[PDB]
There are 2 protein chains.
Amino acid sequence: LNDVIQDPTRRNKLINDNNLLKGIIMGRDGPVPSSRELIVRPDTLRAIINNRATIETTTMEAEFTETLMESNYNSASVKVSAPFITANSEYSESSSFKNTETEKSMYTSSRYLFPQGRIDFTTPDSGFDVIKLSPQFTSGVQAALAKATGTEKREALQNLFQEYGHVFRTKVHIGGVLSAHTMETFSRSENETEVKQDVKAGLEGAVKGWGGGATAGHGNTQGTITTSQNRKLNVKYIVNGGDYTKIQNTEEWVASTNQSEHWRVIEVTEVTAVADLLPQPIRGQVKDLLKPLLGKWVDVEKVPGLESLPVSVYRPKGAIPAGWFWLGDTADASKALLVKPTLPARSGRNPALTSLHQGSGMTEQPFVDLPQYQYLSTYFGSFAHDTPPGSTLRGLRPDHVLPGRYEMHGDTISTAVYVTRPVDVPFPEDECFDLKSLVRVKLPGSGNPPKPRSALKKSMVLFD
Amino acid sequence: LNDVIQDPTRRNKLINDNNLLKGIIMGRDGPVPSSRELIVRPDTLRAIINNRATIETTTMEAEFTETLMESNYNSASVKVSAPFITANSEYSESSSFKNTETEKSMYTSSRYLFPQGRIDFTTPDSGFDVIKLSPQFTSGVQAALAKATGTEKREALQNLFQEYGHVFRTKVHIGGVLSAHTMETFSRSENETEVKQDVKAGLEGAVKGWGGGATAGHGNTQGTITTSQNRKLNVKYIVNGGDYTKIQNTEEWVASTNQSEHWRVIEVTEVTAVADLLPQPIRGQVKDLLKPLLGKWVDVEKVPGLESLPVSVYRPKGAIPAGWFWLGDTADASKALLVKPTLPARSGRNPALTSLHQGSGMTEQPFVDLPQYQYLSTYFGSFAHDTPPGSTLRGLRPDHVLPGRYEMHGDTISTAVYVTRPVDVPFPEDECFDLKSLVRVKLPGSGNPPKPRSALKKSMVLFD
Ligand SMILES: [Cl-]
Ligand SMILES: [Cl-]
């Protein structure tokens, strides 16, 4: 029983085995627990009893989240952890996750939970026993903010989060779990609702058949499933908790999930960013210093030889200050945003920006130098990385951008352009800049790069 | 002091004066407290001490939220309350809130908070003292679910929420507040970021000048402000808490906010839907019965005489069952969604669906019979409300839809169409159906209705 475990020193076994005192490092190797304790060891754990077995499913369209899906993070935990795994991922041109003009990808994870309960860590500035950060971490923050220069403070803070972790798990389900994980690539011509429901039912069916003893028993393995609509899927099967030596006989493994010794984290229900646990004044100072870009609003000038276009095309009217960069052609006649990276370049660290090169095809459009980086606008001219204004044009690390929305302008497809705006959902969780990024509807020639449809996140840019 | 008030019977004065035990009715007259108690009177209130005065701002693009903005609900509370005020609002063709092809509107509220603390009501199935629903409400739910037919159960549940409320305030700030509320209509050609920041700084400046004693003192009133960018705004000034008889001398009012007797709710920090407070089995039964539409997937047939179009146009292949309705022309060659309302028509109650009429202009497109209702597709032909398939075509109540996203198709503007898809944000709070709703890029003739860009919410449709 959950209440029984929380009473003596066996609650310390539950805390220690599950790394409940440690922040989670979001890196290229997936979610990794810190070797250092983030919080002070509590006298008691806040537990909600729930022994009801259920099948839960998570559908995820965000790239770089596969290791979080496989660690049974729910959508709310993936959301908070997503900028950190994205920023620290190993980018590749050969990824199977495809987001093209004709195709899209998604991850689907189903989990047959055999729980005992939920453990809650009360965050500071919330009603309740509350989280107390370890003095070792607090001293690290103080030592980081005490550095002579802005660059030194940011480098020490970066080192501090790489050691302590990016997020802390504030709500976790404890018990045993049998989970199935998949990825699917489908045509944009398909009904998204039909594809999602078909993959979810097929995955739920596989975990349902595995759990409760109906299919041939197995442990951690790879398998293939066929949905009702004939989609063939590569499935990864994962076991967490219970006695793994008993996994061959499903019902014997299920019974072993009632043993306090074999209880493990079975779902990450809620996660909090480590910087958000910091007290009120320091919190804002740390968060400002963590922003990868500096921002500046500057004057614009109209691009000549664009009389054919339905709208006026703009670029910063510089005199672009040394070390500053621009992000693409705009329909904003008033101002342009310039950006400057706050962190020095280091081997193993993904920079906030990437330079661009003209494509080897018949095209004159830029291509990102660093794989999987994104840019905001089509280039209205002939790009060259060695000549202005292309020499100071930059692409962005994928954690910096979210999908935008097009507003089409033009009386002919050949002259037609899209003006990128932030999505107009009434209750956004994240806010983006309205930069009025210009995208060509029909680009001339072949070998042209995928058309951008992105908006820059406001949380990534520090002003003044 | 907050801790001092919570100890004797003066905590009951704080609970009673602020209606902390009552659900909030979201109707045409704004947020109205229920006359009936939703929860059992607690022995103690969970309080977080915070006497730090701050200026907070909320920007809201959602229509029908003005009375929530004026009641100092933050964006998270507006979000949860929004479907309920939208569904119960008094619709009008003469609203100043404009969302056209060339213009958009938004609400901005700034509040100069003079707090004492925050009161938290712990929801059932959450760590902590927890909420216990009143036996009068619980008996009402049981009596509603005991009705002979589906229609009778739904009517009794509707009556139950109109009496008890749609939402419950789970986190509230207590003290005194000076707030300014405005609305702004601007051209889509404008930078949204610049407009939002300009209105927020102008509104923050007005509350800053009012509070702390710098401008001429006043109480609840209407005024005009001018932003840094020469935008002229109609401002509504509201006072909550403190001694209102002392409002003329700002500093005397500020000092009166430290008196336990004058503490009022100053911000609605978190709100929970009343149905979400219900225990696990009943919760799902109530939520299914509250859905305004029944759903059914049916076969489609291609619309003839559409050879010129870049895509195939579809309508349900009916034999449309009696009492069922369709929602517009689609590019979905496999299936079509049919809808049926679950509640009977009643005077004063906004129906889930509206019939349509052909516009009096040169147009052949349908127009909603009920003001402010929305539809999903342009009609690919000549609409008539008295002939099939137009006789069974229906528009939707604004709470049923969210903005969608266009995917353009066509080699000529005149033949070009948009296929509506759900927004592709990676972490949506709300999910919509992908219906592949077809919208004409360039409609022939004048007097044509505003082009739709909407997706139907999945939470509004009950299947099987
Ligand atoms: Cl290339
Ligand atoms: Cl009309």
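Conventions adopted
Residues numbered from 1 in each chain as written, not as in the entry; some residues may be left out. Chains lettered and ligands numbered in written order. Heavy atoms only, no water. Residues with missing side-chain atoms left out of burial classes, pairs and counts. Helix = DSSP H or I, 4+ residues; strand = E, 2+ residues; numbered from the N terminus. Rg over C-alpha atoms; globule rule 2.2 N^0.38 Å. Domains from an automatic or database assignment. Contact = heavy atoms within 4.5 Å. Buried area = accessible area lost by both parts, 1.4 Å probe. Salt bridge = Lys/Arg side-chain N within 4 Å of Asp/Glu carboxyl O. Polar contact = N/O pair within 3.5 Å; in protein donor to acceptor, adjacent residues only side chain to side chain. Nonpolar A, V, L, I, M, F, W, Y, C, P; charged D, E, K, R; others polar. Pairing = 2+ DSSP bridges. Axes fitted to C-alpha atoms, helices over the stretch in contact; angles between N-to-C directions. Parallel < 35°, antiparallel > 145°, perpendicular 65-115°, else oblique. Left-handed = near helix turned anticlockwise from the far one by under 90°. Least-squares fit on C-alpha atoms. Buried < 20%, exposed > 50% of the residue type's maximum accessible area, 1.4 Å probe, protein only. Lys, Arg positive; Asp, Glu negative; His and termini not counted. Patch = residues over 30% accessible without salt bridge, like charges linked within 9 Å, V, L, I, M, F, W, Y side chains within 5 Å. Areas by Shrake-Rupley, 256 points an atom, 1.4 Å probe, with all protein chains shown as cover. Charge placed at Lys NZ, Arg CZ, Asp CG, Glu CD. Expected span 1.5 Å × (residues − 1).

Method of structure determination, per the deposited record: X-ray crystallography was used for this entry, reaching 2.20 Å resolution.

Engineer: Can you walk me through the overall build of chain A in this structure?
Structural biologist: Check the secondary structure of chain A and you find nine helices and 23 strands. Computed over C-alpha atoms, the radius of gyration of chain A comes to 25 Å, within 12% of the 23 Å expected from 2.2 N^0.38 for 464 residues, which places it in the range of a compact globule.

Engineer: Just checking my understanding: could you explain the domain arrangement of chain A for this structure?
Structural biologist: Buried accessible area, meaning the area lost when the parts come together, often serves as the stated size of an interface. Residues and elements named next belong to chain A. Partitioning chain A into domains gives domain 1 (1–290) and domain 2 (291–464). The gap between the C-alpha centroids of domain 1 and domain 2 is 34 Å. Contacts between the two partners involve 21 residues from domain 1, matched on the other side by 22 residues from domain 2. Among the residues of domain 1 in contact with domain 2, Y91, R154 and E155 are the three that bury the most area, contributing 31% of the side total. Where domain 1 touches domain 2, the interface holds two salt bridges. Inspection of the domain 1/domain 2 interface yields seven residue pairs in polar contact. Broken down by secondary-structure element, the contributors of at least two residues to the side of domain 1 that touches domain 2 are α4 (75–88), α6 (150–164) and α9 (280–290). If you tally residues by element for the side of domain 1 that touches domain 2, the top one is α4, at five residues. Residues belonging to the side of domain 1 that touches domain 2 are distributed by class as follows: six nonpolar, six polar and nine charged.

Engineer: Before we go on, may I ask you to explain the sheet that holds strand β23 (residues 461–463) of chain A in this structure?
Structural biologist: Think of a sheet as strands paired side by side through backbone hydrogen bonds, with each pair either parallel or antiparallel. Residues and elements named next belong to chain A. Overall, mixed pairing links the three strands, which are arranged β13-β10-β23 in an open sheet. The open sheet has two edge strands with one neighbour each: β13 (336–341) and β23. Between one strand axis and the next, the sheet turns by 45° as a mean value, whatever way the strands run. Sheet topology places strand β10 (residues 293–298) next to β23; three bridges connect them, and they run parallel. Bridging from a neighbouring strand, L293 pairs with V461 of β23.

Engineer: Where do I start with the interface of chain B and chain A in this structure?
Structural biologist: Facing 47 residues of chain B, the contacting portion of chain A comprises 47 residues. If you list the elements that add at least two residues to the side of chain B that touches chain A, you get α4 (75–88), β5 (103–120), α7 (192–210), β18 (401–403), β19 (405–409) and β20 (417–421) of chain B.

Engineer: Explain the packing of helix α5 (residues 135–145) of chain B against helix α6 (residues 150–164) of chain B here, please?
Structural biologist: Each pair of packed helices can be summarised by the angle the axes make with each other and by the distance between the axes. Residues and elements named next belong to chain B. The N-to-C vectors of α5 and α6 enclose an angle of 160°; their axes lie 8 Å apart at closest approach. With respect to their mutual orientation, α5 and α6 come out roughly antiparallel. Judged by the sense of rotation from one axis to the other, the crossing of α5 with α6 is right-handed. For the pair formed by α5 and α6, the contact residues are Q136, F137, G140, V141, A144 and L145 on the first element and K153, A156, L157, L160, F161 and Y164 on the second. Grouping the constituent residues of the contact of α5 with α6 by class yields nine nonpolar, two polar and one charged.

Engineer: Whenever I open this one, the relation of the copies chain B and chain A confuses me. Can you help?
Structural biologist: The operation linking the two copies of the chain is a rotation about an axis combined with a translation along the axis. The two copies are related by a screw operation: chain B maps onto chain A through 180° of rotation and 0.0 Å of translation along the axis, at an RMSD of 0.0 Å. The operation mapping one copy onto its partner corresponds to a two-fold rotation axis. Taken as a fraction of all interface residues of chain B, those also at the interface in chain A reach 100%, which identifies the copy contact as same-surface.

Engineer: Sorry, what's going on with the packing of α6 of chain A against α9 of chain A here?
Structural biologist: Residue and element names in this part refer to chain A. Axis separation between α6 and α9 bottoms out at 9 Å; the angle between their running directions is 100°. Classed by the angle they form, the pair α6 and α9 counts as roughly perpendicular. Packed against α6, whose contacting residues are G150, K153, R154, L157, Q158 and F161, the element α9 presents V286, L289 and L290 at the interface. When grouped by side-chain class, the residues that make up the contact of α6 with α9 number five nonpolar, two polar and two charged.

Engineer: Please explain the side chain of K436 of chain B as it appears in this structure.
Structural biologist: Within the secondary structure layout, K436 of chain B lies in the loop between β20 and β21 (437–440). Among buried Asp, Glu, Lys and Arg side chains, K436 of chain B stands out as unpaired, with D332 of chain B the closest opposite charge at 5.7 Å. Filtering out sequence-adjacent residues up to four positions away, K436 of chain B remains in contact with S189 of chain A together with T330, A331, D332, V419, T420 and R421 of chain B.

Engineer: What's the story with the sheet that holds β21 of chain B in this structure? I'm lost.
Structural biologist: All names here are of chain B. Reading across from one edge, β19-β20-β21 is the order of the three strands in this open sheet, with antiparallel pairing throughout. Whereas interior strands pair on both sides, the edge strands pair on one side only; in this sheet they are β19 and β21. With strand direction ignored, the average angle separating the axes of adjacent strands in the sheet is 35°. Relative to β21, β20 is paired through four bridges, and the arrangement is antiparallel.

Engineer: Would you take a moment to explain the environment of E251 of chain A for this structure?
Structural biologist: Relative to the assigned elements, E251 of chain A resides in helix α8 (residues 250–256). The exposure class assigned to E251 of chain A is exposed, which follows from its relative accessible area of 52%.

Engineer: Would you take a moment to explain the pattern of salt bridges for this structure?
Structural biologist: A side chain of one charge can pair with a side chain of the opposite charge if their charged atoms are brought near each other. Residues and elements named next belong to chain A. Here the structure, examined in full by the defined rule, presents 58 salt bridges over all chains. The salt bridge partner of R346 is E155, with a shortest N-O separation of 2.9 Å. Taken together, the positions of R346 in the loop between β13 and β14 (353–354) and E155 in helix α6 put the pair 191 residues apart, joining distant regions of the chain. A relative accessible area of 13% means that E155 is categorised as buried.

Engineer: What is the right way to read the pairing of strand β2 (residues 30–37) of chain B from this model?
Structural biologist: Side chains on a regular strand alternate between the two faces of the sheet. Residues and elements named next belong to chain B. Where strand β1 (residues 22–27) meets β2, five bridges bridge the pair, whose relative direction is antiparallel. Residue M26 lies in a different strand from β2, and its bridge partner there is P31. In sequence, β1 turns back onto β2 through a hairpin of two residues.

Engineer: Is there a simple way to explain unusual backbone geometry in this structure?
Structural biologist: Most peptide bonds adopt trans geometry, and most residues besides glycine take a negative phi value. Between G318 of chain A and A319 of chain A the backbone carries a cis peptide bond, its omega angle lying at -5°. When you line up the elements, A319 of chain A lands in the loop between β12 (314–316) and β13. Across the junction of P388 of chain B and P389 of chain B, the peptide omega takes the value 0°, indicating a cis bond. Unusually for a residue other than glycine, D464 of chain B sits at a positive phi of about 55°. For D464 of chain B, the position within the fold is in the segment after β23 (461–463).

Engineer: What exactly am I supposed to notice about the side chain of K22 of chain B here?
Structural biologist: Residue and element names in this part refer to chain B. Inspection of the secondary structure puts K22 in strand β1. Of the side chains bearing the opposite charge, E37 lies closest to the buried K22, which forms no salt bridge; the N-O distance is 5.6 Å. Once you skip the residues sitting within four places of it in the chain, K22 turns out to touch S34, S35, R36, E37, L38 and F168.

Engineer: Explain the environment of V141 of chain A here, please?
Structural biologist: In this structure, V141 of chain A sits in helix α5 (residues 135–145). Residues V141 of chain A and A275 of chain A lie 134 residues apart in sequence; the distance between their C-alpha atoms is 9.8 Å.

Engineer: Explain a negative patch on the surface to me, please; I cannot follow it from the model alone.
Structural biologist: Taken together, the side chains of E429, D430 and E431 of chain A together with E429, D430 and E431 of chain B define an acidic patch exposed on the protein surface. Structurally, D430 of chain A can be placed in the loop between β20 (417–421) and β21 (437–440).

Engineer: Help me out: how do you make sense of helix α7 (residues 192–210) of chain A in this one?
Structural biologist: For an α-helix the count is 3.6 residues per turn, leaving residues at separations of three or four pointing the same way. All names here are of chain A. The first and last C-alpha atoms of α7 sit 27 Å apart over 19 residues, in line with the 27 Å expected at 1.5 Å per residue. The residue sitting at the N-terminus of α7 and contributing the capping side-chain oxygen is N191; that oxygen lies 3.0 Å from the backbone nitrogen of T193. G212 occupies a position one or two residues after α7 and carries a positive phi of about 70°.

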